[PDB]
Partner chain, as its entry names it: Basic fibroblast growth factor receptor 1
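The chain below stands alone and is given as structure tokens, in the form solved without the partner chain.
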């Protein structure tokens, strides 16, 4: 392992919203596969169903479009129609409170799922431990 194994409490029984502490945005995957953040709580594309592959490994799937959150070879997030190796994330506790999601594929590079204060996605290499951009709070739908 290249990372710790402090896991967050909670389960995957129900869908959730993923709120980024940084700019207070909800993660969003639009129909065309575009990923970004929005403050609009009434958005129909901010609801996600998380599921565990192995302990601590998860898929993040849009309940509205069925698209899986994924990070490509150059670190950009995108919505995938089918589950693949780029869709697996290491879900961990951070700052004893928040949830972080590390690309499994690029875990050695410490590429995280994260949003900038303006709600745009951070590219893998631009993320790192210590940033507010990578801190998530899972909320009930």
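Positions refer to the first chain, counted from 1.
- The mean C-alpha temperature factor is higher for 39-47 when 39-47 and 75-83 are set side by side.
- Ranked against the other modelled residues of its chain, the C-alpha B-factor of residue 110 as given in the entry falls in the middle third.
- When all modelled residues of the chain are sorted by CA temperature factor, residue 137 is found within the middle third.
- Split the chain's modelled residues into thirds by C-alpha temperature factor. Residue 57 is in the middle one.
- Ranked by C-alpha B-factor against the other modelled residues of its chain, residue 69 falls in the lowest third.
- Ranked within its chain, residue 102 lands in the lowest third, by CA B factor from the PDB record.
Just so it is clear, the following notes concern the form deposited with the partner chain bound, a form of the same protein that is not shown.
- Although the partner is absent here, residue 51 lies within 4.5 Å of the partner chain in the deposited complex, judged by heavy atoms.
- The partner chain in the deposited complex is approached by residue 58, whose closest heavy atom lies within 4.5 angstroms of it.
- Although the partner is absent here, residue 103 is not a contact residue: none of its heavy atoms lies within 4.5 angstroms of the partner chain in the deposited complex.
- The partner chain in the deposited complex comes within 4.5 Å of no heavy atom belonging to residue 73.
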